[PDB]
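Report on one structure; see the data block that follows.
The values are calculated or read from the model by the stated rules, or taken from the named source; no laboratory read-out is quoted. Because the Cβ atoms are built from the backbone with ideal geometry, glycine has one as well, and the counts that use them run over all protein chains shown.
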Amino acid sequence: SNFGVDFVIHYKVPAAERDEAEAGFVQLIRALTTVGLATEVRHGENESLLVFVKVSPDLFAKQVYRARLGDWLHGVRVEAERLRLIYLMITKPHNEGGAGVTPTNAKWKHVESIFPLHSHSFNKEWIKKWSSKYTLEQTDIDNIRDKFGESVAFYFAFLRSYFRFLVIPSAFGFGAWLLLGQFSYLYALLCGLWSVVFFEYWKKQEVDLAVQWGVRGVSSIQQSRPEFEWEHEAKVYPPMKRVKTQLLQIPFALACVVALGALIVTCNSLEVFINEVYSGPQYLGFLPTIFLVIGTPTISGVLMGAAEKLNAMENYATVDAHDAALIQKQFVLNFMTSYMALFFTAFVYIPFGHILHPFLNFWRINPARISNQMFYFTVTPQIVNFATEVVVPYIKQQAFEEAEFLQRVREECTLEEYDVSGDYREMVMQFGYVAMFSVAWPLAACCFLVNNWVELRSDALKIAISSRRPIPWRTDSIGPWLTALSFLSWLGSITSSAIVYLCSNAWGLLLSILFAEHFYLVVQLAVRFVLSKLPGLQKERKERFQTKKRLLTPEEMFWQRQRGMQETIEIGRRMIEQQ
Amino acid sequence: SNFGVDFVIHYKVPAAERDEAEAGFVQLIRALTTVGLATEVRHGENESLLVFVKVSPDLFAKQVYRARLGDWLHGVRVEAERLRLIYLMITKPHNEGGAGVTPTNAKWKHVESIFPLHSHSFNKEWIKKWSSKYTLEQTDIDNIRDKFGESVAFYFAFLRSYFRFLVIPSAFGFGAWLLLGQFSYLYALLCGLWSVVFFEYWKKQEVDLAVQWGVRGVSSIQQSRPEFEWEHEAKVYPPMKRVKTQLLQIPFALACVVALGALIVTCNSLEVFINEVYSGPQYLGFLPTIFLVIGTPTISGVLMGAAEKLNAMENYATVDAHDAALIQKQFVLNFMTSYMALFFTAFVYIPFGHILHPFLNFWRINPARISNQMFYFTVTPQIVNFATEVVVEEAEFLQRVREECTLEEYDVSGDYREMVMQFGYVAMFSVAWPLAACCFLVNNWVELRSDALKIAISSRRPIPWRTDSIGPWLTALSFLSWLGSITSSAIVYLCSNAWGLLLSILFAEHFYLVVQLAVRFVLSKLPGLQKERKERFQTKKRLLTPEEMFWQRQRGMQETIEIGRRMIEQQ
Ligand SMILES: [Ca+2]
Ligand SMILES: [Ca+2]
Ligand SMILES: [Ca+2]
Ligand SMILES: [Ca+2]
């Protein structure tokens, strides 16, 4: 168990630059004492001064009350909340209740990370409980929310909902694969309907979870970025400079598109050449593209880094906007690097494959090739993601009075922050595969289903021992990923349909695209209406009712003719008798 | 002017069955004085007794405070508000703050109309001011809101905004008519872009006006219908009966489709026959359809009545749901009667006109014909609409009231429906005749006055009803914009000449969606929100063992500093 330490700061000190390092250390200690936190300094690995900080319960209660009042202010209104508030006290500047010791912004640049400590007793029991069960109840997600915050809990709830909704497409994918034959239009229609239903039901469940956890409306709260650089104050940044920096994305995206397209064109030409030249034993004919998938986590990886670089010079005032831009860039890059091969096979090679002939001349049309390539692009990338996610850290860790706890912290600070964006991106890519390309290989979703059951555990293990405890954040929604899902639905309703007409055989293709797109729109409207006509809303209404119950001259002669009661009745009766 | 009269009670008494009429009048007067309104009985017209009711200012102030507290409760928070509150006190049941004398629910069914009085001095000045102007500033709409309530004000604001936005339609319609010949794809794209821009900008204006008038969120308040009929109480109506009654709309819609389609088919066949037989001097070639247009306000009118009858037996708990259902049925019927003739001309006769030959033989291909039809479906339906709207000691005050109660209650749904139909014409069929928008501009300038006159002297003063937006008409506008995006490209391809039609439809619809997303993003990136944020900020400002031995090694701060320095020297 931990030693009561609530937060941990690294503050590594190099061999040189010690003269200002000591000043930074004393400034950090003075600020941490001023804000009202108890501090304890110990030695660490590689010449570092590891400082543990905890809480004067009166000041902590005052901070809790101030935060609750602020949450009530915007209409928004446990270990996760306590850790989040301690992190806010550590991070927020002196202007609004804190002592800003953020690494990148101020002169306190000798700190590397401020992170909480993992609870091994909770972690092992959580892993055992999640591995010994078949399904996960809402109580498990609630425990995740209480311990690791709302972002991790929201990701795990989304993963559970996705895994539970993946049964239906698995079921009728197996039905279509066993009976309906290859490239069934009915399967495409059912896949589009399931995508619409899952997206809308996840929106409803997201609203319900936000109401239940009391995090409804946190997205409207704007949080300033400590590393944001401004020029004037009236903190403002000229939007022209930001637009100029953003315009650099377009040539970057075009260059990435050209490079990836050329690489996939060469790989597809090579695989066609070996399939049409060599006899093999059948399986070696897809050897190139398989390698391509094995190369996918590498190149895209460095590409992701470039995206981060593109988000560094692209200044953003708020955390939400910066996160949304980073998610957009990462989603575009991963969409490219994960679907360009399938798009080229389905909509370039299949319709008019008479353009690759020069490339086949450099080395020296089966419609069922798309099904095999989808099978490979379903099974192999999942295996390689498993390898790079769970077992390669297994090998990495296998290679490697109070000494036990100190050693545990020293080994803990070497790990990386848990990036939930990567897991969100992987799940969104899987959903996209199901939505737009599962028609070629109907069993694909089934395989994904199995992987999801592993992921819900494996990703949990990734937060158990493969990564250090993340900062507990609050999120109303899963964020811009929702939009991505919608996109991967809509274009999917096109793409799958465009597969069915193309691999089963000009006007018919366009007619099929029209019918599929309009069917997708119609079922979207119908499901939205059905869900609007169908717990969180009832609780909000009950709270509103409880608050409501707890909250409490001709003119001057015209009106003097019959001022009384009997006078009016008598005149009315008399004139009734008159008429 | 008025005699301080705030509301007028009709209570017509029939000569036959009078024994229960005196008791009803006595109960009416007793309840109306129980709620706290001064009443004055006077003679009516044709065996009726009109009683004028006004306001004990203390009770009116208490009611005002209660209404404001209720508005604050739901998050929502002048003569119109006073009249609305007096209406609520007159209408609301005695169980919850009022004395229910609603005409249709209880046995007090002898009252017919529940209406206030017009101010002639205000009405003539308003008409003179609006007739002598060229453009209307926001002060006129604010005065309309202060006088006739928020529904009429919202309608007039929508009419003014849509008339102002129609100027670009007319501009590039004239540009295309002069230069781009006939059936220009560029005009179709511009019309779709304008439809999207106008729809989104009117939504933004709706939000700004709801914030400005303090009616932001009124639509969230569910108001119960006095005419609602319930079986049990837990007032609950079995939804299965409502669904069974709603299912009667499908056969009615199908029968109306069949009848109107047969009428359009036979009129089209007759006009084709006379164009291919009669020589003339011409203009008579579209004589049949013109008559159909002249026949449109009649038959559709009775259809509208059927619709409301279909909404009477279709019991609705809330006012909003009943109004939405009525708007949906009326919009469907008017869409049919006003667009299915052009739909037959464009997408049935033009593509394959070989199926109308049996009708021509019973009586016994031009690709520019549709444009001519678009002319006769633009200048004729509005002109006849004009003929529908405006062409066809205390004795003076009492006579004025007696003449006032003979008028009909002013409905805003009809004017909303007419404007929505005109917008649908522009969005879907204006490509055939690009000048149509120009005409729809001029009529608009008349309508903004003419409709005002319809409320000035041709109808009784409407009950001031607060509304958040224009209602379900936004859905109609969006549907018309999307259908126009499809139909403009379809007409362009079909009249400028099988695979290319679908490609053009795809390109136009996807361009419509892309510009919809772009305009939504631009408007989200770009008055009332600033005021709401400032109010929120103002409210924010106004609102306010080894375990123990581990932390005992360095209890203070100077000791921690010394220990840190010592460990620094140790590295
Ligand atoms: Ca995985
Ligand atoms: Ca993962
Ligand atoms: Ca008119
Ligand atoms: Ca009108």
(request) Scan segment B:428-485 for residues that are more than 16 Å from ligand 3 (Cβ to nearest atom), more than 15 Å from the chain's Cα centre (by Cα) and basic (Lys, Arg) and jot them down. (result) B:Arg460, B:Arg461
(request) May I ask you to list the residues in segment A:109-120 that are out of contact with any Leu (no Cβ under 6 Å at 6 or more places or on another chain) and not β-branched (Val, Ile, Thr)? (result) A:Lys109, A:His110, A:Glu112, A:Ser113, A:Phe115, A:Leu117, A:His118, A:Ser119, A:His120
(message) Filter segment B:387-427 down to the residues that are more than 16 Å from ligand 3 (Cβ to nearest atom) and not hydrophobic (A, V, I, L, M, F, W, C) and list them by number.
(response) B:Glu393, B:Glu394, B:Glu396, B:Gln399, B:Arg400, B:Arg402, B:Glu403, B:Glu404, B:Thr406, B:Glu408, B:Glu409
(request) Only residues that are assigned to a loop (DSSP other than H, G, I, E, B), more than 10 Å from chain B (Cβ to nearest Cβ) and farther than 30 Å from A:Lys62 by Cβ: list them for segment A:15-50, please. (result) A:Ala16, A:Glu17, A:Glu45
(request) Kindly indicate the residue of segment B:51-84 that is within 11 Å of another protein chain (Cβ to nearest Cβ) and among the basic types (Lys, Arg) and also farthest from B:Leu117 (Cα to Cα) among those meeting that condition. (result) B:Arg66
(request) Taking the residues in segment B:1-14 that are surrounded by fewer than 18 Cβ atoms within 10 Å (Cβ to Cβ) and farther than 17 Å from B:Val101 by Cα as candidates, determine which candidate is farthest from the other protein chains (Cβ to nearest Cβ). (result) B:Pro14
(request) May I ask you to list the residues in segment A:76-104 that are exposed (fewer than 15 other Cβ atoms within 10 Å of the Cβ) and more than 16 Å from A:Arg225 (Cβ to Cβ)? (result) A:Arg77, A:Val78, A:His94
(message) Tell me whether segment A:536-551 contains one or more residues that are away from chain B (no Cβ under 13 Å), surrounded by 13 or more Cβ atoms within 10 Å (Cβ to Cβ), of a type outside the set (A, V, I, L, M) and closer than 30 Å to A:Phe183 by Cα.
(response) no
(request) Residue by residue through segment A:355-373, note down the ones that are outside any helix (DSSP H, G or I) and either within 16 Å of ligand 3 (Cβ to nearest atom) or of a type outside the set (S, T, N, Q) (or both). (result) A:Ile355, A:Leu356, A:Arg364, A:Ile365, A:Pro367, A:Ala368
(request) Filter segment A:374-416 down to residues that are within 14 Å of chain B (Cβ to nearest Cβ) and in a helix (DSSP H, G or I) and give me whichever is farthest from ligand 4 (Cβ to nearest atom). (result) A:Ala403
(request) Restrict the check to segment B:309-330 and report whether at least one residue is surrounded by 16 or more Cβ atoms within 10 Å (Cβ to Cβ) and closer than 26 Å to B:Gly500 by Cβ. (result) no
(message) With the structure loaded, tell me whether B:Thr487 is out of contact with any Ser or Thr (no Cβ under 9 Å at 6 or more places or on another chain), crowded, with 16+ Cβ neighbours inside 10 Å and under 22 Å from B:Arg417 (Cα atoms) or whether it fails that test.
(response) yes
(message) Report every pair of residues separated by at least 6 positions or lying on different chains whose Cβ atoms are under 6 Å apart, first residue within segment B:494-519 and more than 10 Å from chain A (Cβ to nearest Cβ), second of a type in the set (A, V, I, L, M).
(response) B:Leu494/B:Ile350; B:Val515/B:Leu193; B:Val515/B:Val196; B:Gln516/B:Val196; B:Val519/B:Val196; B:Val519/B:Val197
(request) Looking for whichever is buried (at least 22 other Cβ atoms within 10 Å of the Cβ), over 30 Å from B:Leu186 (Cα atoms) and either assigned by TED's automatic domain parsing to the domain that holds B:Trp194 or within 16 Å of ligand 2 (Cβ to nearest atom) (or both) here; the options are B:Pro434, B:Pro464. Which one fits? (result) B:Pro464
